[PDB]
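A.B. asks:
Number of protein chains: 2
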Amino acid sequence: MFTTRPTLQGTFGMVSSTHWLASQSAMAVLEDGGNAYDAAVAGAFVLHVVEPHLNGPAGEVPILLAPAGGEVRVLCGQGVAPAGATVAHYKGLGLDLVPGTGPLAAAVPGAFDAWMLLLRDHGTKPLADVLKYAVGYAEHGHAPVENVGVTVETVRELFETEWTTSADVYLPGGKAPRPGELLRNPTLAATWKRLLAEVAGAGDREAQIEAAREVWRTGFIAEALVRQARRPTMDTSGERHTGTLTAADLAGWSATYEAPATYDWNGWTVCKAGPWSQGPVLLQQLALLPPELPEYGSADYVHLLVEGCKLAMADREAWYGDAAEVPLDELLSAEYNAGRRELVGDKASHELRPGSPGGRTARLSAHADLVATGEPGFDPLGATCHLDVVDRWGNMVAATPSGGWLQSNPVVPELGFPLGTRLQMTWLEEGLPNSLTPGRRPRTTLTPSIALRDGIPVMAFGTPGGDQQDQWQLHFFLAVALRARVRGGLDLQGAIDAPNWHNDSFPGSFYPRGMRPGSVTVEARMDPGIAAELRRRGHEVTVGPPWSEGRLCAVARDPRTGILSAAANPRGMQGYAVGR
Amino acid sequence: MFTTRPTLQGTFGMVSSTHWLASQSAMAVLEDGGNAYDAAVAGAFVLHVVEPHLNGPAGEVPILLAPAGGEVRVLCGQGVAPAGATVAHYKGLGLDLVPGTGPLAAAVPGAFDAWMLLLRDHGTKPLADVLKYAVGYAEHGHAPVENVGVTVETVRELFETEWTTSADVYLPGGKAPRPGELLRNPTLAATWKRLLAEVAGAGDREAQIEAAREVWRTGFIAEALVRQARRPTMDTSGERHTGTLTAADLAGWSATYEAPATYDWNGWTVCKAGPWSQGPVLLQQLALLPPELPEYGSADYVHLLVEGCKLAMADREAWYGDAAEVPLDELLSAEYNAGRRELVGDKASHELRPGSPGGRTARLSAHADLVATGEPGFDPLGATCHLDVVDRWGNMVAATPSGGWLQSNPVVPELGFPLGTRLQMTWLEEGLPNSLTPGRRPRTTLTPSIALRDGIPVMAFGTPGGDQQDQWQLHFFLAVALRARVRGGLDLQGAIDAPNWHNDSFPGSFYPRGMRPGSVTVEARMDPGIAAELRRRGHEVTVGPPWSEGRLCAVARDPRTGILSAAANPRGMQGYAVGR
Numbered sequence: 001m002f003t004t005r006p007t008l009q010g011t012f013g014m015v016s017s018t019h020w021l022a023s024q025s026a027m028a029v030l031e032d033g034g035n036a037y038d039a040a041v042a043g044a045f046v047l048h049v050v051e052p053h054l055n056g057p058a059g060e061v062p063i064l065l066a067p068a069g070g071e072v073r074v075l076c077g078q079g080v081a082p083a084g085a086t087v088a089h090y091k092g093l094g095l096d097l098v099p100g101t102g103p104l105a106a107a108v109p110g111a112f113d114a115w116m117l118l119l120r121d122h123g124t125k126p127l128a129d130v131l132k133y134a135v136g137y138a139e140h141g142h143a144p145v146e147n148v149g150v151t152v153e154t155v156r157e158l159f160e161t162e163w164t165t166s167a168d169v170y171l172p173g174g175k176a177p178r179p180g181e182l183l184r185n186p187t188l189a190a191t192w193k194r195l196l197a198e199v200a201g202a203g204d205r206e207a208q209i210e211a212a213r214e215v216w217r218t219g220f221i222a223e224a225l226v227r228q229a230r231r232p233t234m235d236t237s238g239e240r241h242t243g244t245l246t247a248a249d250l251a252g253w254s255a256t257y258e259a260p261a262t263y264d265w266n267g268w269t270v271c272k273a274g275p276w277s278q279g280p281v282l283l284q285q286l287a288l289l290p291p292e293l294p295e296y297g298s299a300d301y302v303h304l305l306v307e308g309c310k311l312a313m314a315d316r317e318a319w320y321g322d323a324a325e326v327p328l329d330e331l332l333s334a335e336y337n338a339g340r341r342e343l344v345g346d347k348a349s350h351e352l353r354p355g356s357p358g359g360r361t362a363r364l365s366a367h368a369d370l371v372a373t374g375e376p377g378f379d380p381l382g383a421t422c423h424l425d426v427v428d429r430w431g432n433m434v435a436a437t438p439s440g441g442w443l444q445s446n447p448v449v450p451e452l453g454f455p456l457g458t459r460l461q462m463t464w465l466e467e468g469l470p471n472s473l474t475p476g477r478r479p480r481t482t483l484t485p486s487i488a489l490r491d492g493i494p495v496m497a498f499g500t501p502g503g504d505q506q507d508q509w510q511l512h513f514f515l516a517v518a519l520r521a522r523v524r525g526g527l528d529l530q531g532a533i534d535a536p537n538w539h540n541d542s543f544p545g546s547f548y549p550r551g552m553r554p555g556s557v558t559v560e561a562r563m564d565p566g567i568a569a570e571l572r573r574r575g576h577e578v579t580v581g582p583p584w585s586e587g588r589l590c591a592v593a594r595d596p597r598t599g600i601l602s603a604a605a606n607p608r609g610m611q612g613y614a615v616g617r
Numbered sequence: 001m002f003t004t005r006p007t008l009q010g011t012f013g014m015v016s017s018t019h020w021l022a023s024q025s026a027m028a029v030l031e032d033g034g035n036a037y038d039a040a041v042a043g044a045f046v047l048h049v050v051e052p053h054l055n056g057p058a059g060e061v062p063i064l065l066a067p068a069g070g071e072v073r074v075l076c077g078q079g080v081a082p083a084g085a086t087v088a089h090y091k092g093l094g095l096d097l098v099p100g101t102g103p104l105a106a107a108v109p110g111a112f113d114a115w116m117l118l119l120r121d122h123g124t125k126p127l128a129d130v131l132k133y134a135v136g137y138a139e140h141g142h143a144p145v146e147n148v149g150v151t152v153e154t155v156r157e158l159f160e161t162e163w164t165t166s167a168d169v170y171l172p173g174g175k176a177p178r179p180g181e182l183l184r185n186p187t188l189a190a191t192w193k194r195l196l197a198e199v200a201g202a203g204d205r206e207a208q209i210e211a212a213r214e215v216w217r218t219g220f221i222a223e224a225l226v227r228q229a230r231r232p233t234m235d236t237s238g239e240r241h242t243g244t245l246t247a248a249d250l251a252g253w254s255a256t257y258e259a260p261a262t263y264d265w266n267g268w269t270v271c272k273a274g275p276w277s278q279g280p281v282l283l284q285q286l287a288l289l290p291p292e293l294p295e296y297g298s299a300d301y302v303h304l305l306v307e308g309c310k311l312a313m314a315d316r317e318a319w320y321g322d323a324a325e326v327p328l329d330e331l332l333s334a335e336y337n338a339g340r341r342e343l344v345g346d347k348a349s350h351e352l353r354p355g356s357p358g359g360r361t362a363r364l365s366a367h368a369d370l371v372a373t374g375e376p377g378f379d380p381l382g383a421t422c423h424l425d426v427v428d429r430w431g432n433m434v435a436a437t438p439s440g441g442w443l444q445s446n447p448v449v450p451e452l453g454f455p456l457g458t459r460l461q462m463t464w465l466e467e468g469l470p471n472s473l474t475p476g477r478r479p480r481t482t483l484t485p486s487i488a489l490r491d492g493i494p495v496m497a498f499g500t501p502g503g504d505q506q507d508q509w510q511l512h513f514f515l516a517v518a519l520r521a522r523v524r525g526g527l528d529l530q531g532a533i534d535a536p537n538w539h540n541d542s543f544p545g546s547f548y549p550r551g552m553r554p555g556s557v558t559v560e561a562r563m564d565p566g567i568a569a570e571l572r573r574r575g576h577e578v579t580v581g582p583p584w585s586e587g588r589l590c591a592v593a594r595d596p597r598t599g600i601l602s603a604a605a606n607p608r609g610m611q612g613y614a615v616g617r
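Here the protein sequences line up with chains A and B, keeping their order.
With the entry's author numbering applied, the first sequence corresponds to residues 1 to 383, 421 to 617, in that order.
With the entry's author numbering applied, the second sequence corresponds to residues 1 to 383, 421 to 617, in that order.
1) Using the three-state DSSP reduction, which class does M1 (chain A) fall into: helix, strand or coil?
2) Checking the sheet assignment: what are the DSSP bridge partners for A604 (chain B)?
3) Which residues in chain A have a C-beta closer than 8 angstroms to the C-beta of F220 (chain B)? List them in chain order.
4) Interface residues of chain B around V615 (chain A) at Cβ under 7 angstroms?
5) With which residues is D428 (chain A) paired in a DSSP beta bridge?
6) With a cut-off of 7 angstroms, does the C-beta of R524 (chain B) fall near any C-beta of chain A?
7) Within a Cβ cutoff of 7 angstroms, which residues of the same chain sit near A212 (chain A), ignoring the five residues on either side of it in sequence?
8) Counting contacts by CB-CB distance shorter than 7 angstroms, is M1 (chain A) in contact with chain B?
9) Taking only beta-carbon positions, decide if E258 (chain A) is within less than 7 angstroms of chain B.
10) Considering Cα atoms alone, identify which of B:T187, B:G33 and B:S349 is closest to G123 (chain B).
11) Return no unless some Cβ of chain A is closer than 7 angstroms to the Cβ of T4 (chain B).
12) Name the residues in the stretch 468-501 of chain A whose C-beta lies less than 8 angstroms from a C-beta of chain B; which are they?
13) Going by beta-carbon coordinates alone, are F454 (chain B) and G441 (chain B) separated by less than 7 angstroms?
14) Using the Cβ count rule (16 or more neighbours within 10 Å means buried), how would you classify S602 (chain B)?
15) Using a Cβ-Cβ cut-off of less than 9 angstroms, list which residues of the stretch 122-146 of chain B approach chain A; keep chain order.
16) Check whether the Cβ of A561 (chain A) lies closer than 7 angstroms to any Cβ atom in chain B.
17) Tell me, please, whether the stretch 483-498 of chain B touches the stretch 90-109 of chain B by the rule of three or more beta-carbon pairs shorter than 8 angstroms.
18) Assign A323 (chain A) to buried or exposed, taking buried as 16 or more other Cβ atoms, counted over all protein chains shown, within 10 Å of its Cβ.
19) So, is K347 (chain A) buried or exposed, given that buried needs 16 or more other C-beta atoms within 10 angstroms?
20) Counting only C-beta atoms, is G173 (chain A) closer than 7 angstroms to chain B at any point?
21) Which parts of the stretch 252-330 of chain B are runs of the beta strand (DSSP E), unbroken and 3 residues or longer, counting only runs that do not cross its ends?
22) What residues match up with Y90 (chain A) in a beta bridge as DSSP calls it?
23) Does the CB of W538 (chain B) have a neighbour CB from chain A at under 7 angstroms?
24) When Cβ atoms are compared, which residues of the stretch 4-19 of chain A fall closer than 7 angstroms to chain B?
25) In whole angstroms, give me the CA-to-CA distance for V449 (chain A) and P583 (chain B).
26) Verify the CB distance criterion: does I600 (chain A) have a CB-CB separation below 7 angstroms to chain B?
27) Compare the C-beta of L183 (chain A) with all C-beta atoms of chain B and state if any pair is closer than 7 angstroms.
Below is the structure:
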């Protein structure tokens, strides 16, 4: 059956990104004798350069690693709230929600240290060799996707009149980025060059990376980041606000390692980031399922997954965060889920219905009843980044880097990129698992995956898309497990090509945090009689464009044979797999 | 508008080929500092390993090269008929046509020497580094596309019963190649290793290549080839025949350079191989077109092109070959074509109507009227090879290697691959341009393209598909020129994606050489109203599957901006572009 690309098959290496330049750059590292981790670092810094409307160096990343021999391990590069970032203080500024923009929304930048840790512990190449790709595209340029310039044009007024440091970089002479022309960021290029220059004498390979961690943390980069954070900056409130971020917030924070959250289902184990991410909501969706699923791709199959997703999202909202303990074991226990799956009815729920793990009463944010109505604001994703790598030794990696995008903070002038906005996902209200809390991660949408089959790592995957990330991935992963193999291998690309969907019947992670009761969005190429079945069952169905749902990436290994594979999303003509 | 892949855009390298493993192997040569020519060579030898149902080392290749500074140039690796290969001799075996299989159909193997010349004149890498990719996939293996094993299965009786040296390689223990399992050819692997071992002490970089040319020509390779050729071998006639191919034929033959056939149209120049190929039929079709074309993609646009193609093909049957001078200037002159386009009527032609260039009367083969009936032979292309490269210096190649496929000659047992079958395209009748003639090349279907804009090299492209090659390529090139730019660049992939078509209203190049009067084949995704228009206009319309016409590859450069691009065909999930 026709797929938009092949599910690539090979024996040397495989890469799948949300951007071809990053895929091929990561692959170049494999060709040069590097490993999956070297590769992913290189690709990640290329992604800063080629998707700056969707990520940047002062953003975040969860990384799932599965080294050939050993344990599936999480590397947390999601930063924390600053020491002065209290609910009280934000409330004191007459705010009910954390703003979508500006330095009040910035968490401590976590991505950089995370990639440095990865390189130091699991890589083999020096910083210089792995980050030369991004430097080259930064200083000498690349032909951007139309969404870069279209994004800049959305915040033209804001840039010209207010965030003038961003105008300097993205509107040189008032000229927005155009496709077919070389887009440059010479400042960002200068920033990595300086970084490299002043760590070159630091010693051996590992010492150079460690010295670079300190340059980000206490050096010229940190100085500039703090300096920018403390400058009054216009945001979504309509006032110029200042950030509580300080030199010591940066100096104290490092990326850390963790065990993954895991769940065994039907011969597979899925690995995710802990409940400080939304990661576990995929696992909760799997735990909800009965043993005997309806026909793959049928109306009953979709309906079942939508209602199950609603119930898992409710639990996400009620229970997930980093300001409290999360009762994850109980949320994935058979006992709990046996109760919960009965709540799947013939009709579509328009209600947010969190459960009671261990008898605990669910406490929700005051904003959790609020209804988003209108059309959604500009989507820079419309038709976060992602990359996966598997190498010749069988090491795998799956990372979902995001934040520090161009349209939500002014550029830090001496660096070339802005601060992030992830604190927007917390609540300005005390006593909750996701209450804005000093030294704590916001509840982050970034959620890569690694799948085991019989306890062996076989698939590394992910996608951007905010609150759709672990909906789209759930649909994908089930398709992979339920679809007939193609060329004696997992039908990765057929699963990606497959019509995908999402719901919005829960409070969104992004400012202004509305929900759309009973709202579900299918691609136009889903069977129209399925769409008709759902409306009949009380769904409020929006029929989106044919090639609009999911920016999936996947790499895989067959353990029996050693053969590496890869697929990538065709929607938005940007995502791309490479290997051999 | 949605396309199955992006039109990749970048500044370091682009590769497009009919198999992803070849593309990435050629790309790996670029990543290691090689040029477009180094890369093409590597890709080509990988192609032997990964598409042995569609090419091999003892086949042939035309190579169009466009080095950055200088002249577009042809490198001819189409071999000639052997010294003893006369119409009389073959007529003495009671043959009316040259067989589709067996040693009688083998031209002198041309491809190897052609790659060696390219390597030595225009490359920068040693032979060892350029073909280590092929060696690895040969000895350690690769996961084949289903068409490999399906092709083998079609020819099982013949292998087991008759061509037992092929059974040894392709049916070890009776087991055909399976997708998802590692297919190997340890003998082919052993062959290149030996080649490299005895050439390594030869001296400087080019002396090794030169010594390698002689190993092929007069060494252990040539000995085996001749030995195999002189073994009584069952062919399509039902009789075991022997080849006239001798040691001396191999010792005397070299690949040679030539000027391309060229034609200026609408600001472009299309470059092709000389009329010993079908290359000039693309050119003839261009010259046939009026200045004022109909609406792109409309019924009138298709009809015009179909009837124009019939006319141009009639001229290749009548005039094209290597056994006589070809009146090319006259066939491409405006006076001639002005008269010919009047032959395009409202109704569809079911006749073969060659013209009279310079008043010369057309002489046709006695077989030119014979009709193909019933359904076709197994199509190994069904859902030759091709690869294009452009490098960071702006050098370009386009090559369509072919021949030496597994289905049509027994494996040379000490080498791992069989001889070719390109003499099947000649006629066993004297006095014709394409009369089977000693020391002449058969008129060959292999036809790469390079396109100029304002006399500057802009696009390198090609496709396999025998008598469809320069039909599909014509529809593609026109679409490139007529479709609106995407991302400020040529719409390469939209042009590839576009519904494509072909006619069979001329005598085919392949044994048994039928023709299907008035017959045309459109993809199912072409507007059904267009099909209905053609039947109304007297076409025999076959509606083929949606994703079935064309295996296009393309790379391109933008001369103003220096940006490289690529696209590849999605049909058969095999063709793939890579670059950055």
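The C-beta atom is built at its ideal place from N, Cα and C for all residues, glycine as well.
C.D. replies: Short version:
1) Coil.
2) DSSP, once it has assigned bridges, lists B:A591 as partnering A604 (chain B).
3) Within chain A, no residue comes near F220 (chain B); the closest Cβ sits about 29 angstroms away, beyond 8 angstroms.
4) Per Cβ cutoff of 7 angstroms: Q24 and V615.
5) By DSSP's assignment, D428 (chain A) forms a beta bridge with A:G13.
6) Residue-level contact by beta carbon holds for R524 (chain B) and chain A, with a gap shorter than 7 angstroms.
7) Same-chain partners within the cutoff: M116, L127, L195 and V199.
8) Put simply, the CB of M1 (chain A) is far from chain B, with every gap to its CB atoms at 7 angstroms or more.
9) Not a single C-beta of chain B is nearer than 7 angstroms to the C-beta of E258 (chain A).
10) The candidate whose alpha carbon is nearest that of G123 (chain B) is B:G33.
11) At a cut-off of 7 angstroms between beta carbons, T4 (chain B) contacts chain A.
12) Under the 8 angstroms Cβ criterion, the stretch 468-501 of chain A contributes no residue.
13) Taking C-beta atoms as the reference points, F454 (chain B) and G441 (chain B) count as a pair closer than 7 angstroms.
14) Around the CB of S602 (chain B), 16 or more other CB atoms lie within 10 Å, so the residue is classed as buried.
15) Taking 9 angstroms as the Cβ-Cβ cut-off against chain A, the residues of the stretch 122-146 of chain B that qualify are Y133, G136, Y137, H140, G141, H142, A143, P144, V145 and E146.
16) Not one chain B Cβ lies under 7 angstroms of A561 (chain A).
17) No: the two stretches stay apart, fewer than three of their Cβ pairs being nearer than 8 angstroms.
18) Counting Cβ neighbours within 10 Å, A323 (chain A) comes out buried, since at least 16 surround it.
19) Flag for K347 (chain A) reads exposed.
20) So no, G173 (chain A) is outside the interface.
21) Taken in chain order, the whole beta strand (DSSP E) runs of length 3 or more contained in the stretch 252-330 of chain B are 256-258, 261-265 and 268-272.
22) Beta-bridge annotation (DSSP): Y90 (chain A) is not paired with any residue.
23) So no, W538 (chain B) is outside the interface.
24) Cβ contacts with chain B come from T4, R5, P6, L8, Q9, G10 and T11.
25) If I take the Cα positions, the gap works out to 51 angstroms.
26) Yes - at least one Cβ of chain B is within 7 angstroms of the one on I600 (chain A).
27) False, the Cβ-Cβ gap to chain B never drops below 7 angstroms.
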